[PDB]
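One file, structure-v7.pdb, carrying PDB, C-alpha atoms and all ligand atoms:
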ATOM      1  CA  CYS A   1      57.206  88.534  80.462  1.00  0.00           C
ATOM      2  CA  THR A   2      60.420  88.557  82.597  1.00  0.00           C
ATOM      3  CA  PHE A   3      60.167  85.003  84.112  1.00  0.00           C
ATOM      4  CA  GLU A   4      59.825  81.271  83.268  1.00  0.00           C
ATOM      5  CA  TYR A   5      60.161  78.018  85.314  1.00  0.00           C
ATOM      6  CA  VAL A   6      59.816  74.211  84.800  1.00  0.00           C
ATOM      7  CA  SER A   7      59.771  71.334  87.361  1.00  0.00           C
ATOM      8  CA  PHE A   8      36.943  62.402  94.729  1.00  0.00           C
ATOM      9  CA  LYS A   9      39.022  60.019  96.970  1.00  0.00           C
ATOM     10  CA  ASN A  10      42.234  62.044  96.433  1.00  0.00           C
ATOM     11  CA  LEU A  11      42.258  65.345  98.381  1.00  0.00           C
ATOM     12  CA  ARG A  12      44.794  68.000  97.323  1.00  0.00           C
ATOM     13  CA  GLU A  13      45.372  71.215  99.299  1.00  0.00           C
ATOM     14  CA  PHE A  14      47.280  74.374  98.304  1.00  0.00           C
ATOM     15  CA  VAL A  15      48.007  77.905  99.561  1.00  0.00           C
ATOM     16  CA  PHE A  16      48.987  80.803  97.256  1.00  0.00           C
ATOM     17  CA  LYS A  17      50.259  84.244  98.450  1.00  0.00           C
ATOM     18  CA  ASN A  18      52.224  87.146  96.884  1.00  0.00           C
ATOM     19  CA  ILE A  19      54.562  89.197  99.174  1.00  0.00           C
ATOM     20  CA  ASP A  20      57.409  91.619  98.197  1.00  0.00           C
ATOM     21  CA  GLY A  21      56.742  90.520  94.569  1.00  0.00           C
ATOM     22  CA  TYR A  22      57.701  86.909  95.476  1.00  0.00           C
ATOM     23  CA  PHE A  23      54.911  84.347  94.860  1.00  0.00           C
ATOM     24  CA  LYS A  24      54.818  81.496  97.429  1.00  0.00           C
ATOM     25  CA  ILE A  25      53.163  78.061  97.059  1.00  0.00           C
ATOM     26  CA  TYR A  26      52.537  75.428  99.787  1.00  0.00           C
ATOM     27  CA  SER A  27      50.755  72.039  99.416  1.00  0.00           C
ATOM     28  CA  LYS A  28      49.629  68.669 100.857  1.00  0.00           C
ATOM     29  CA  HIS A  29      47.961  65.479  99.478  1.00  0.00           C
ATOM     30  CA  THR A  30      45.962  62.649 101.134  1.00  0.00           C
ATOM     31  CA  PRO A  31      43.466  59.889 100.279  1.00  0.00           C
ATOM     32  CA  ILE A  32      40.067  60.492 102.024  1.00  0.00           C
ATOM     33  CA  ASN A  33      36.734  58.776 102.849  1.00  0.00           C
ATOM     34  CA  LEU A  34      34.556  61.897 103.543  1.00  0.00           C
ATOM     35  CA  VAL A  35      34.364  63.035  99.867  1.00  0.00           C
ATOM     36  CA  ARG A  36      31.403  65.498 100.325  1.00  0.00           C
ATOM     37  CA  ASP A  37      33.252  68.470 101.909  1.00  0.00           C
ATOM     38  CA  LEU A  38      36.552  69.290 103.643  1.00  0.00           C
ATOM     39  CA  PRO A  39      37.355  66.463 106.139  1.00  0.00           C
ATOM     40  CA  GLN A  40      37.381  67.585 109.786  1.00  0.00           C
ATOM     41  CA  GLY A  41      40.901  66.836 111.122  1.00  0.00           C
ATOM     42  CA  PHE A  42      44.440  68.322 110.883  1.00  0.00           C
ATOM     43  CA  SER A  43      47.484  68.216 108.499  1.00  0.00           C
ATOM     44  CA  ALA A  44      49.906  71.102 107.726  1.00  0.00           C
ATOM     45  CA  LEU A  45      50.862  72.173 104.157  1.00  0.00           C
ATOM     46  CA  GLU A  46      54.609  72.545 103.343  1.00  0.00           C
ATOM     47  CA  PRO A  47      56.433  74.855 100.854  1.00  0.00           C
ATOM     48  CA  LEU A  48      57.081  74.103  97.142  1.00  0.00           C
ATOM     49  CA  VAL A  49      58.404  77.338  95.501  1.00  0.00           C
ATOM     50  CA  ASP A  50      59.137  81.046  96.111  1.00  0.00           C
ATOM     51  CA  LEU A  51      58.981  82.590  92.606  1.00  0.00           C
ATOM     52  CA  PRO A  52      60.776  86.036  92.243  1.00  0.00           C
ATOM     53  CA  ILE A  53      58.182  87.358  89.742  1.00  0.00           C
ATOM     54  CA  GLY A  54      57.176  90.942  90.826  1.00  0.00           C
ATOM     55  CA  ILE A  55      53.523  90.820  89.532  1.00  0.00           C
ATOM     56  CA  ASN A  56      50.418  92.775  90.591  1.00  0.00           C
ATOM     57  CA  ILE A  57      47.824  89.966  91.157  1.00  0.00           C
ATOM     58  CA  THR A  58      44.182  90.705  92.211  1.00  0.00           C
ATOM     59  CA  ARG A  59      42.247  87.924  90.329  1.00  0.00           C
ATOM     60  CA  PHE A  60      42.631  84.236  89.557  1.00  0.00           C
ATOM     61  CA  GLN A  61      40.875  81.493  87.523  1.00  0.00           C
ATOM     62  CA  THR A  62      41.168  77.641  87.570  1.00  0.00           C
ATOM     63  CA  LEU A  63      42.083  75.668  84.400  1.00  0.00           C
ATOM     64  CA  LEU A  64      40.094  72.438  83.825  1.00  0.00           C
TER      65      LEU A  64
ATOM     66  CA  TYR B   1      65.638 106.863  73.162  1.00  0.00           C
ATOM     67  CA  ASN B   2      66.227 103.415  74.766  1.00  0.00           C
ATOM     68  CA  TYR B   3      66.746 104.890  78.294  1.00  0.00           C
ATOM     69  CA  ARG B   4      63.457 105.929  79.947  1.00  0.00           C
ATOM     70  CA  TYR B   5      61.512 106.609  83.167  1.00  0.00           C
ATOM     71  CA  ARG B   6      57.811 107.362  83.945  1.00  0.00           C
ATOM     72  CA  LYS B   7      54.550  97.806  96.293  1.00  0.00           C
ATOM     73  CA  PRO B   8      58.321  97.002  96.582  1.00  0.00           C
ATOM     74  CA  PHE B   9      59.906  95.181  93.580  1.00  0.00           C
ATOM     75  CA  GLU B  10      57.025  96.293  91.285  1.00  0.00           C
ATOM     76  CA  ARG B  11      57.450  96.434  87.448  1.00  0.00           C
ATOM     77  CA  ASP B  12      54.577  98.409  85.861  1.00  0.00           C
ATOM     78  CA  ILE B  13      55.483  98.093  82.119  1.00  0.00           C
ATOM     79  CA  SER B  14      52.021  99.451  81.044  1.00  0.00           C
ATOM     80  CA  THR B  15      52.141 102.329  78.475  1.00  0.00           C
ATOM     81  CA  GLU B  16      48.490 103.369  79.218  1.00  0.00           C
ATOM     82  CA  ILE B  17      47.896 107.173  79.241  1.00  0.00           C
ATOM     83  CA  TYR B  18      47.678 109.443  82.349  1.00  0.00           C
ATOM     84  CA  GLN B  19      44.219 110.871  83.002  1.00  0.00           C
ATOM     85  CA  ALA B  20      46.146 113.847  84.477  1.00  0.00           C
ATOM     86  CA  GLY B  21      42.730 115.589  84.662  1.00  0.00           C
ATOM     87  CA  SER B  22      39.161 114.093  84.788  1.00  0.00           C
ATOM     88  CA  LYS B  23      39.217 113.567  80.947  1.00  0.00           C
ATOM     89  CA  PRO B  24      38.328 110.177  79.336  1.00  0.00           C
ATOM     90  CA  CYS B  25      41.655 110.329  77.423  1.00  0.00           C
ATOM     91  CA  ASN B  26      41.185 107.044  75.385  1.00  0.00           C
ATOM     92  CA  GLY B  27      44.914 107.066  74.346  1.00  0.00           C
ATOM     93  CA  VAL B  28      44.543 110.592  72.790  1.00  0.00           C
ATOM     94  CA  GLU B  29      47.392 112.823  74.006  1.00  0.00           C
ATOM     95  CA  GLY B  30      46.543 116.485  74.833  1.00  0.00           C
ATOM     96  CA  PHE B  31      46.039 118.953  77.718  1.00  0.00           C
ATOM     97  CA  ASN B  32      45.500 116.843  80.909  1.00  0.00           C
ATOM     98  CA  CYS B  33      46.095 113.594  78.860  1.00  0.00           C
ATOM     99  CA  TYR B  34      49.792 112.533  78.852  1.00  0.00           C
ATOM    100  CA  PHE B  35      51.879 109.489  77.832  1.00  0.00           C
ATOM    101  CA  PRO B  36      53.417 108.052  81.063  1.00  0.00           C
ATOM    102  CA  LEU B  37      57.026 107.429  79.812  1.00  0.00           C
ATOM    103  CA  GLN B  38      59.818 109.913  78.900  1.00  0.00           C
ATOM    104  CA  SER B  39      63.300 109.298  77.421  1.00  0.00           C
ATOM    105  CA  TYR B  40      66.281 110.774  79.298  1.00  0.00           C
ATOM    106  CA  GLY B  41      67.956 113.776  77.563  1.00  0.00           C
ATOM    107  CA  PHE B  42      71.387 111.997  77.515  1.00  0.00           C
TER     108      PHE B  42
HETATM  109  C1  LIG C   1      50.528  97.662  90.488  1.00  0.00           C
HETATM  110  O1  LIG C   1      49.990  98.670  89.583  1.00  0.00           O
HETATM  111  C2  LIG C   1      49.967  99.998  90.225  1.00  0.00           C
HETATM  112  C3  LIG C   1      49.259 100.978  89.283  1.00  0.00           C
HETATM  113  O2  LIG C   1      48.018 100.387  88.859  1.00  0.00           O
HETATM  114  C4  LIG C   1      51.389 100.470  90.559  1.00  0.00           C
HETATM  115  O3  LIG C   1      51.135 101.587  91.502  1.00  0.00           O
HETATM  116  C5  LIG C   1      52.227 102.424  91.998  1.00  0.00           C
HETATM  117  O4  LIG C   1      53.069 101.653  92.914  1.00  0.00           O
HETATM  118  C6  LIG C   1      54.245 102.380  93.409  1.00  0.00           C
HETATM  119  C7  LIG C   1      55.141 101.394  94.164  1.00  0.00           C
HETATM  120  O5  LIG C   1      55.419 100.277  93.301  1.00  0.00           O
HETATM  121  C8  LIG C   1      53.724 103.550  94.254  1.00  0.00           C
HETATM  122  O6  LIG C   1      54.839 104.378  94.635  1.00  0.00           O
HETATM  123  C9  LIG C   1      52.747 104.434  93.459  1.00  0.00           C
HETATM  124  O7  LIG C   1      52.190 105.423  94.365  1.00  0.00           O
HETATM  125  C10 LIG C   1      51.627 103.607  92.795  1.00  0.00           C
HETATM  126  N1  LIG C   1      50.809 104.456  91.921  1.00  0.00           N
HETATM  127  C11 LIG C   1      49.545 104.776  92.193  1.00  0.00           C
HETATM  128  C12 LIG C   1      48.852 105.703  91.183  1.00  0.00           C
HETATM  129  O8  LIG C   1      48.963 104.355  93.189  1.00  0.00           O
HETATM  130  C13 LIG C   1      52.259  99.380  91.238  1.00  0.00           C
HETATM  131  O9  LIG C   1      53.665  99.707  91.054  1.00  0.00           O
HETATM  132  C14 LIG C   1      52.032  97.944  90.717  1.00  0.00           C
HETATM  133  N2  LIG C   1      52.583  96.976  91.677  1.00  0.00           N
HETATM  134  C15 LIG C   1      53.373  95.966  91.329  1.00  0.00           C
HETATM  135  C16 LIG C   1      53.782  95.011  92.459  1.00  0.00           C
HETATM  136  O10 LIG C   1      53.755  95.802  90.173  1.00  0.00           O
END
Take the structure I supplied and represent it as structure tokens, if you would.
Ligand SMILES: *[C@@H]1O[C@H](CO)[C@@H](O[C@@H]2O[C@H](CO)[C@@H](O)[C@H](O)[C@H]2NC(C)=O)[C@H](O)[C@H]1NC(C)=O
Amino acid sequence: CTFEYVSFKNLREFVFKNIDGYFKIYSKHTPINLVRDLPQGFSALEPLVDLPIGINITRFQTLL
Amino acid sequence: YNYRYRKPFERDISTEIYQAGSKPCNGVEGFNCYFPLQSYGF
């Protein structure tokens, strides 16, 4: 409870990892034609946040 | 009573009981079933 923060044609990509209790997020966005499955090509994700949370994650779930 | 003790930068605030032996303690304190926190004798 010790933290709070506030800020098919579209493909969004993310990476989530937790290290030294910091939680790190990276992302990228692009329009696409090959909507079936991940388009073969290359584009690097870049950092968004580095949250100082100190939490013991082993599961996740998406929110629709 | 306010001042107490039991990866890096962890913060395990859980009060859940020690199974200090093989007992299914179920929050019942007793021999081999102990509450994890203690207050300092200040
Ligand atoms: C995640 O929870 C575990 C217990 O479920 C915590 O485990 C202890 O972690 C410390 C270092 O933080 C170790 O010295 C102990 O040996 C661990 N105990 C056991 C029984 O293995 C842990 O602190 C929690 N991690 C975070 C990041 O909060």
Considering only C-alpha atoms, return as a PyMOL selection string whatever protein or nucleic-acid residues lie within 9 Å of residue 48 of chain A, sequence-local ones (same chain, fewer than 4 positions apart) excluded.
chain A and resi 24-27
If we count all atoms listed in the file, what is near segment 16-22 of chain B at a cut-off of 7 Å, once residues fewer than 6 positions away on the same chain are taken out, given as a PDB file with C-alpha atoms, in the coordinates of the input?
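Resulting contents of out33.pdb:
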ATOM      1  CA  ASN B  32      45.500 116.843  80.909  1.00  0.00           C
ATOM      2  CA  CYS B  33      46.095 113.594  78.860  1.00  0.00           C
ATOM      3  CA  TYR B  34      49.792 112.533  78.852  1.00  0.00           C
ATOM      4  CA  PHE B  35      51.879 109.489  77.832  1.00  0.00           C
ATOM      5  CA  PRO B  36      53.417 108.052  81.063  1.00  0.00           C
TER       6      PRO B  36
END
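Going from atom CA of residue 31 of chain B over to atom CA of residue 5 of chain B, you cover 20.5 Å.
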Name every residue that the ChimeraX specification (/B :<8) & /A selects in this structure, writing the answer as a PyMOL selection string with chains first and numbers rising.
chain A and resi 20-21+54-56
Write the residues of the selection above to a file with C-alpha atoms, as a PDB file, keeping the file's coordinate frame.
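Okay, selection12.pdb is ready:
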ATOM      1  CA  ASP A  20      57.409  91.619  98.197  1.00  0.00           C
ATOM      2  CA  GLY A  21      56.742  90.520  94.569  1.00  0.00           C
ATOM      3  CA  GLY A  54      57.176  90.942  90.826  1.00  0.00           C
ATOM      4  CA  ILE A  55      53.523  90.820  89.532  1.00  0.00           C
ATOM      5  CA  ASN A  56      50.418  92.775  90.591  1.00  0.00           C
TER       6      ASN A  56
END
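Atom to atom, atom CA of residue 63 of chain A and atom CA of residue 10 of chain A stand 18.2 Å apart.
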Calculate how many Å separate atom CA of residue 25 of chain B from atom CA of residue 60 of chain A, rounding to one decimal.
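Between these atoms lies a distance of 28.8 Å.
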Expected axis-aligned box over every listed atom of ligand LIG 1 (chain C), 4 Å added per side, centre plus edges in Å to one decimal, as AutoDock Vina command-line options:
--center_x 51.7 --center_y 100.4 --center_z 91.7 --size_x 15.4 --size_y 18.7 --size_z 13.8
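Residues in contact with residue 38 of chain B at 12 Å, where all atoms listed in the file are counted and same-chain residues fewer than 3 positions away are skipped, are listed as residues 1, 2, 3, 4, 5, 6, 15, 34, 35, 41 and 42 of chain B.
With all atoms listed in the file as the atoms that count, the residue of A:64, A:2, A:11, A:18 with the shortest distance to residue 37 of chain A is A:11.
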Please list as a ChimeraX atom specification every residue within 12 Å of residue 7 of chain A, counting only C-alpha atoms and excluding residues in the same chain fewer than 2 positions away.
/A:4-5,48-49
Can you turn the PyMOL selection byres (((chain A and resi 52) around 6) and not hetatm) into a concrete residue list for this file, as a compact mmCIF listing (two decimals) with C-alpha atoms, keeping the file's coordinate frame?
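This went into selection20.txt:
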# COMPACT_ATOMS: atom_id res chain seq x y z
CA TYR A 22 57.70 86.91 95.48
CA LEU A 51 58.98 82.59 92.61
CA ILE A 53 58.18 87.36 89.74
The PyMOL selection byres (((chain A and resi 43) around 10) and not hetatm) applied to the shown file, residues as a list in words:
residues 13, 28, 29, 30, 41, 42, 44, 45 and 46 of chain A
Taking all atoms listed in the file into account, which of A:61, A:8, A:23, A:50 comes nearest ligand LIG 1 (chain C)?
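Nearest to ligand LIG 1 (chain C): A:23.
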Given the choices A:16, A:34, A:59, A:6, which gets closest to residue 47 of chain A if the distance is worked out from only C-alpha atoms?
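Looking at the shortest contact to residue 47 of chain A, the residue is A:16.
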